[PDB]
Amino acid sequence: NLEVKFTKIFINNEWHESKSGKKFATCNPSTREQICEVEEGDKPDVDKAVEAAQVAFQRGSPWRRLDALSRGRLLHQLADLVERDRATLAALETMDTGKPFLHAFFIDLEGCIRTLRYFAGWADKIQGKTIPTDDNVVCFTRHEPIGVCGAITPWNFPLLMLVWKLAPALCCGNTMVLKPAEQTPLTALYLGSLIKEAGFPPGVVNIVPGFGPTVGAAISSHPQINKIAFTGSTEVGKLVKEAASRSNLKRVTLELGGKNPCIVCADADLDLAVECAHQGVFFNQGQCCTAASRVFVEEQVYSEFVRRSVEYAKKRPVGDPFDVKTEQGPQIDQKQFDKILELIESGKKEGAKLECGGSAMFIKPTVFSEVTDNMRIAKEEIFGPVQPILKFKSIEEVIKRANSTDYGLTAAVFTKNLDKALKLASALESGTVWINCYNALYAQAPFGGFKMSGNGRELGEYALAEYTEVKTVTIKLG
């Protein structure tokens, strides 16, 4: 029975009610019910947050004058603060999303805590180049901060996807306007308290909760935001990018979805393959940017693979989020709950042996078989617990079949063969290629999509590129 203390617009380290007066409700996907009502922001609110962020970015600001090292100190402060109150946040995260509490505690917030500390290390190590040119010339580059950055996040990993942006952005010295999902604003607002407590100057991070077409679009078009980062649907990603282009040509980072392939070679540890490929599709209830939507399996192990797959889905406990016995919780919205089983009869019309589940109970873990490429279950991403298992003959074959999507966020390969591992790794068009593991993410390893799965990267030194503008200084001597 947790009290929600932060419900307002966070601007200049002060709590605000919407200039409109409107508010909206977030509810608990597990136990249909509100938790509470949140200030509903809109264009004028973001106009205020932006101005706050520009003033904090002005030359001579307490933010801009700081030591590079103190900038990372502050980020270490925040990670400290997030470690204290870690349970508070993990709890809010589950009330907002129906995630298992243990999942929020040991995944979502470990991720936040490592990501914050990692980029704290980077703040005084952001370095440009001194460039050789002519004898009488001194030419060098500066990696300056971009300015006001906007973060727009989904509901599946609200706080994590938020600190994946904030951490690099702040370590590089930018200021920010954050807009959480409507469905899950709570952890984001809590972080604002922590951001004030740890001592970030007012205006460095402001937060405007609200809806997409209102607040998010107010950000994506704002003429004095210099960059956006967005994690969300592919289609909304296109709009955000079009918005940016029409307005002020702000720099855009995008992390979207994908038809993420999982390739099982005949020589694979099959018990590791089935277990990871199971955790790959069904983890966080199948709602995950990294979700495995296409399990390719070689003939030699196909049929037995299908069997092992099915026994694993059977045994998986599902129930109330607070449960120390849970893996899978509730999906967050029946908007797509219908789309899922709508797409489960998809693969009975075209022919697929459903050896498992096939309907709601939450929803029963479902497993398909004898799936082919043309079928829709192997065509459009599911956003839910369904395992479409396909058959392949050749290495070259599955390479073209995996790459035949317009996306390419992740890919996972299972084999003990050195040449099979490496040739597949080189050949798959995916931003991350895991080998004999799944959902192995590290603050120090970059993450992002090829093709229509996104632009740019989060998580690694490559993250810093999205949050810096390269300046060339060229000096001629007499």
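If you superpose the two forms and keep the largest set of C-alpha atoms that fall within 1.5 Å, you have the rigid core. Counting begins at 1, following the sequence as shown.
- The higher RMS C-alpha distance to the shown form in 7 other deposited structures of this protein, out of 348-356 and 127-135, belongs to 348-356, with every structure fitted on the core.
- Going from residue 361 to residue 362, the model skips 4 to 9 deposited residues, which lack coordinates.
- Two stretches are in play, 459-467 and 12-20, and the higher mean C-alpha B-factor belongs to 12-20.
- Looking at 267-275 and 203-211 together, the entry lists the larger mean B-factor for 267-275, computed on C-alpha atoms.
- Residue-level inspection of the entry shows that, of 102, 152, 138, 166, 102 has the top Cα B-factor.
- Among 124, 96, 380, 235, the highest C-alpha B-factor in the deposited entry belongs to 380.
- Among the modelled residues of the chain, residue 29 sits in the highest third by CA temperature factor in this PDB entry.
- In this PDB entry, residue 304 carries a Cα temperature factor that places it within the highest third of its chain's modelled residues.
- For residue 246, the recorded CA temperature factor ranks within the middle third of the chain's modelled residues.
- Compared with the other modelled residues of the chain, the Cα B-factor recorded for residue 2 ranks in the highest third.
- Per the PDB record, residue ranking by Cα B-factor puts residue 128 in the lowest third of the chain.
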